[PDB]
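K.L.:
Dumping the structure here so I can ask a few things about it.
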Amino acid sequence: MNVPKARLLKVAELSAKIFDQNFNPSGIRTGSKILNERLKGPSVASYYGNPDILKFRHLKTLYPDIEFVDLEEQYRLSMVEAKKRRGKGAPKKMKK
Amino acid sequence: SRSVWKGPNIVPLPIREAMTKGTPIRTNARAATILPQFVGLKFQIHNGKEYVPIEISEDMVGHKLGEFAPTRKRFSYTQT
Amino acid sequence: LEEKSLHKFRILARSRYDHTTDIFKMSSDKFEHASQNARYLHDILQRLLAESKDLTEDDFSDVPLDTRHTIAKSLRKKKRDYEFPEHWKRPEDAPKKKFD
Amino acid sequence: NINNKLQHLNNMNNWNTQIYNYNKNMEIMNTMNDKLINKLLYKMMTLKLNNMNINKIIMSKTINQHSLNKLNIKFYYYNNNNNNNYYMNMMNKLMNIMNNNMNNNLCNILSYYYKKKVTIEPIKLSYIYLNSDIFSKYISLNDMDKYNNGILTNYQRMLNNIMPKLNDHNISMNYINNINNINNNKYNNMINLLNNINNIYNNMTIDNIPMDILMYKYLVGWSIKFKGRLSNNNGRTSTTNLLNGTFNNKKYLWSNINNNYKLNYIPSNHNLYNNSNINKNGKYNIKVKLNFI
Amino acid sequence: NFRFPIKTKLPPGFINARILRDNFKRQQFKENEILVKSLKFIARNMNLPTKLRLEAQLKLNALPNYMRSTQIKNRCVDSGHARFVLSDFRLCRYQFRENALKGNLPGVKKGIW
RNA sequence: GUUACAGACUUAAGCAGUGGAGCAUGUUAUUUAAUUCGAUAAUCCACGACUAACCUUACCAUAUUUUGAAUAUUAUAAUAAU
RNA sequence: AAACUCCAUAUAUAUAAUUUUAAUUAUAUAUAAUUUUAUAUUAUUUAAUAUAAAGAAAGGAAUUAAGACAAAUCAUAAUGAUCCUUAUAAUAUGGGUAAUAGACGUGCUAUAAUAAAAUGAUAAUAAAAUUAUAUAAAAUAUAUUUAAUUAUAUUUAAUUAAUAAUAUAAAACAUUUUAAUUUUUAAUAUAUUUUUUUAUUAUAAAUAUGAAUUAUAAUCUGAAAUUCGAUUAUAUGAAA
């Protein structure tokens, strides 16, 4: 490396001049670790809580004539009714 | 945040009004470099269930609020 | 680019320029639509050409061309520079064309 | 000498959700929607005609077929003279809510879920026994009481009494012989030219080849097991298997064709599924497996 | 009002209280991530004065827990499990095996090789 | 504590190890406000856990919520609108 | 059960304009062996043991039946029954899961010479795998005087993958060392061992192994390492 460091830094600055390059000769924290953070952010939103489904039921504002049956819901209702009948249902919520 | 830079830890505290009467400010947060600026008062530190009352010292500097507030109790014995 | 400017471009291009292939390659991944990225590279190359073809500030001829990146790249590259010795090549040993 | 594309199944079919996305993380999201979508579609198999009856339309698991160009989610459907003709009924109306109903239909709203062309393609069937999954389903939904206690002798018998014990050995031999004859005919025609396609294999056309080459078709042996709390008097389990016919293809035993494994764990010919339904006694799982040569 | 401080849609498919908590954090952090990044850059740039920086470091500590991703744990989208959660299928050591073996996951079967 | 075969790491070799030290672990016993819960011969014990600072988390202390995560019903009023 | 199956192996065809270059490859396909042929002893119509001779010929994986152990799971999920709805349901902050007399199981690192450590830039030599919830190369600054190595910090080249990055594989091989070891040296001379020889005087059970461990400073990540993470430098150097 028989080359003046000043010239070397000048070249680095020249690259900083050519390709939009951050020149940090000082080496002082520029927060660039954050400035360079251009990675995907709503990645979690892309999946997980992606909102766009027709929760079973949904079906009754568009297709009206058809009398559909949600089976799991019906079963649950039947179970609730059975519980009510045999005294094993559920005490009322204090409306406080 | 243990570093020469980013020093140290700012935990929002009623120190201001506390600095008046000195009211042991229930600093439940228990997670901050003992501020080296005010460095001086009295407060209780939530040890999981109870906030232990302590004041400021000539040792309590970098030491974090928690380092002075013990949580688990001491061990004991076998069966007999 | 001409000699002086050619060398200066390589000095300005730095790692982007591969001396072994003598090719200057760069990529753009900063804007939403690729069209904006394409214009970005066009401007960057035009900028480099303008600076390289003007040694008023510095010729950069004194600066030795950096090839460290390509040196490490060549280490990654796995090629066979050794071929069967020409003196070992013996046509008389090889059978002649056999007619059917 | 080669498994006709028609014979061997595609590995794509082995996967319920058929889609490939360089944007892998994205594709995970894609499949996620598929299964949840499958559930919603399923719930939409219920029917009503005024506190009269619920003609459950039996449905096969969504065979999601996603391919850039468009989406082709497909499922086989099953349900129970001079009336159904002049008036369409529920099922036909279901076909309507799918694609026939211009914009108010399903496939349409569906597009807002996959940013492509949603085309639902159901396929009707005439034999609840044709689809292993569907088989378990009907048994797990319609039957219920008919087995909740014991397996009604005739019910059991009817179950054991479906296909005429199709002789796999004989069927395999005939199929193998047919393949050899077709190959020999082509070989002879080729030799006649070896010494235009017209003569390249004349006498071979959409007749002696397209169906004789089909392999999986004959339910050689079928096994259905009622496993779970299916005993009113016995809290304990009551796994009741109904093994029928055999579970091996003799074509692979002595022919160029070799057995392939769906998902490299279950042979292609072997198809099986269990529809877990909760009985009043307790939840149960009816596993049904079909050899289907 | 709404159970969560800010009203949120409900995660499609399997819903769990732990999933709801994680989903709530995901929704909140997603929007706050930009602010989180802005203020942290502030606090960490020595090129600034201590006070402006401090003011910021402090606000962060004050920012609600939901404004964090370290708090978001990978949880099976189908079974609501946060243990042994492969992220390629966003599932779990079982729902995977199950879906993969059943064929629910296309191109995913058994490593017979 | 039975006549005779055969099989495999079953034993005899052989090599490397454990038991002996320190540490990391999982556990029992115990403590604690809590040390969540599960497995505990062979098949429990770097096992459920592919990672516990918070979150995860299930547990303890302290505050706080009560149609709440739905589905279906009863009514009043703001929002897109053919 | 076997067989088909998957990896893997031999060959053969097709593809790659040999700049995604690894054509010693990558696949799609086809064939192949659960090897065969021949003689000679034995036996009794034809199997075993030897011999040759033809071929590349050789493995692993997956699949673990019925039943039983009322084996494990109601904490993957789901569901019956039963128990609570102002609390056995939901949220925030802090704490806990990391507590320790003893005991067990499994590892790791160990106790030095048929073995450990520096060093080796015409970079000796690999497969498998990753990289749009990113990898992060060259350099550049410091720790430190050169330089290299090692660890962080500055800036992000290229690559979203047979392209570029993690990443020059390391052990082996060579040379140099190495406590006890007085097997050493270092001052002499001694000499056809010279990196060595010989004569004389000197050179009083944990080491230069071991890194448990303890202080201080520094760095990563994230609001936040305090109970409680990781890394390094200077120190410490138990046990074995």
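Ordering of the structure tokens sets the chain letters (A, B, ...), residue numbers begin anew at 1 in every chain, and ligands are numbered from 1 in the order given.
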Could you list, as a PyMOL selection string, every residue within 10 Å of residue D:108, counting only C-alpha atoms (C1' of nucleotides) and ignoring same-chain residues fewer than 5 positions away?
P.N.:
chain D and resi 97-99+101-103+113+117-120
K.L.:
Could you list, as a ChimeraX atom specification, every residue within 9 Å of stretch 32-34 of chain A, counting only C-alpha atoms (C1' of nucleotides) and ignoring same-chain residues fewer than 6 positions away?
P.N.:
/A:22 /E:37-38,40-41,45 /G:155
K.L.:
I'd like the contact shell of residue E:21 - 10 Å cut-off, only C-alpha atoms (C1' of nucleotides), skipping same-chain residues fewer than 2 positions apart - returned as a list in words.
P.N.:
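Contacts, in chain order: residues 4, 16, 17, 18, 19, 23, 24, 25, 26, 66, 71 and 72 of chain E; 55 of chain F; 91 of chain G.
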K.L.:
Excluding stretch 25-29 of chain C and any residue of its chain fewer than 4 positions from it, enumerate the residues within 10 Å of it, using only C-alpha atoms (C1' of nucleotides), and give them as JSON, numbers by chain.
P.N.:
{"A": [19], "C": [13, 15, 16, 17, 18, 33, 34, 36, 37, 38, 39, 40, 41, 44, 45], "G": [157, 158, 159]}
K.L.:
Nearest to chain E: which of F:57, F:36, F:82, F:27 is it, counting only C-alpha atoms (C1' of nucleotides)?
P.N.:
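When distances to chain E are compared using only C-alpha atoms (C1' of nucleotides), the smallest one comes from F:57.
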K.L.:
Got a sec: who's within 12 Å of residue G:235, counting only C-alpha atoms (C1' of nucleotides), leaving out chain neighbours fewer than 2 positions off, as a list in words?
P.N.:
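Selected residues are residues 213, 214, 215, 216, 217, 233 and 237 of chain G.
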K.L.:
Please produce an output containing N, CA, C and O atoms (P, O5', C5', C4', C3', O3' and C1' of nucleotides) for each residue in the selection, written as a PDB file, in the first residue's frame.
P.N.:
ATOM      1  P     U G 213     -17.656 -20.735  36.827  1.00  0.00           P
ATOM      2  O5'   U G 213     -16.847 -19.762  37.829  1.00  0.00           O
ATOM      3  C5'   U G 213     -16.494 -20.274  39.134  1.00  0.00           C
ATOM      4  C4'   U G 213     -15.204 -19.647  39.602  1.00  0.00           C
ATOM      5  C3'   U G 213     -15.187 -18.129  39.765  1.00  0.00           C
ATOM      6  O3'   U G 213     -15.801 -17.674  40.956  1.00  0.00           O
ATOM      7  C1'   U G 213     -13.165 -18.858  38.813  1.00  0.00           C
ATOM      8  P     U G 214     -16.136 -16.116  41.135  1.00  0.00           P
ATOM      9  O5'   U G 214     -14.926 -15.463  41.954  1.00  0.00           O
ATOM     10  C5'   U G 214     -15.219 -14.341  42.807  1.00  0.00           C
ATOM     11  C4'   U G 214     -14.410 -13.175  42.319  1.00  0.00           C
ATOM     12  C3'   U G 214     -15.093 -12.219  41.335  1.00  0.00           C
ATOM     13  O3'   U G 214     -16.055 -11.331  41.889  1.00  0.00           O
ATOM     14  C1'   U G 214     -12.947 -12.677  40.587  1.00  0.00           C
ATOM     15  P     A G 215     -16.795 -10.263  40.943  1.00  0.00           P
ATOM     16  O5'   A G 215     -15.686  -9.127  40.698  1.00  0.00           O
ATOM     17  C5'   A G 215     -15.169  -8.407  41.840  1.00  0.00           C
ATOM     18  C4'   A G 215     -13.958  -7.618  41.416  1.00  0.00           C
ATOM     19  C3'   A G 215     -14.185  -6.593  40.310  1.00  0.00           C
ATOM     20  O3'   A G 215     -14.838  -5.451  40.845  1.00  0.00           O
ATOM     21  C1'   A G 215     -12.212  -7.803  39.867  1.00  0.00           C
ATOM     22  P     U G 216     -15.996  -4.723  40.005  1.00  0.00           P
ATOM     23  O5'   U G 216     -15.094  -3.978  38.932  1.00  0.00           O
ATOM     24  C5'   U G 216     -14.179  -2.973  39.328  1.00  0.00           C
ATOM     25  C4'   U G 216     -13.304  -2.564  38.177  1.00  0.00           C
ATOM     26  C3'   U G 216     -14.032  -2.202  36.899  1.00  0.00           C
ATOM     27  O3'   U G 216     -14.541  -0.882  36.917  1.00  0.00           O
ATOM     28  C1'   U G 216     -12.225  -3.632  36.406  1.00  0.00           C
ATOM     29  P     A G 217     -15.812  -0.498  36.016  1.00  0.00           P
ATOM     30  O5'   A G 217     -15.214  -0.360  34.551  1.00  0.00           O
ATOM     31  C5'   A G 217     -14.204   0.592  34.267  1.00  0.00           C
ATOM     32  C4'   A G 217     -13.572   0.329  32.927  1.00  0.00           C
ATOM     33  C3'   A G 217     -14.533   0.214  31.763  1.00  0.00           C
ATOM     34  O3'   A G 217     -14.882   1.484  31.256  1.00  0.00           O
ATOM     35  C1'   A G 217     -12.953  -1.544  31.681  1.00  0.00           C
ATOM     36  P     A G 233      -9.280 -11.888  24.303  1.00  0.00           P
ATOM     37  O5'   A G 233      -8.807 -10.551  25.019  1.00  0.00           O
ATOM     38  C5'   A G 233      -8.339  -9.444  24.262  1.00  0.00           C
ATOM     39  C4'   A G 233      -7.971  -8.278  25.150  1.00  0.00           C
ATOM     40  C3'   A G 233      -7.201  -8.617  26.412  1.00  0.00           C
ATOM     41  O3'   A G 233      -5.825  -8.846  26.177  1.00  0.00           O
ATOM     42  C1'   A G 233      -8.935  -7.126  26.940  1.00  0.00           C
ATOM     43  P     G G 237      -3.264 -16.401  40.787  1.00  0.00           P
ATOM     44  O5'   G G 237      -3.827 -17.816  40.360  1.00  0.00           O
ATOM     45  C5'   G G 237      -4.957 -18.363  41.023  1.00  0.00           C
ATOM     46  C4'   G G 237      -5.566 -19.480  40.223  1.00  0.00           C
ATOM     47  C3'   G G 237      -4.581 -20.585  39.854  1.00  0.00           C
ATOM     48  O3'   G G 237      -5.193 -21.859  39.965  1.00  0.00           O
ATOM     49  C1'   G G 237      -5.559 -19.696  37.903  1.00  0.00           C
TER      50        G G 237
END
K.L.:
For the helix (DSSP H, G or I) assignment from backbone DSSP, which residues of stretch 1-67 of chain B qualify? Please present them as a VMD selection string.
P.N.:
chain B and resid 15 to 21 65 to 67
K.L.:
Rounded to one decimal, what separation in Å do you get between atom CA of residue D:263 and atom CA of residue D:14?
P.N.:
6.0 Å
K.L.:
Return the single residue from B:47, B:76, B:27, B:1 that is closest to chain E, with distances computed using only C-alpha atoms.
P.N.:
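Using only C-alpha atoms, chain E sits closest to B:1.
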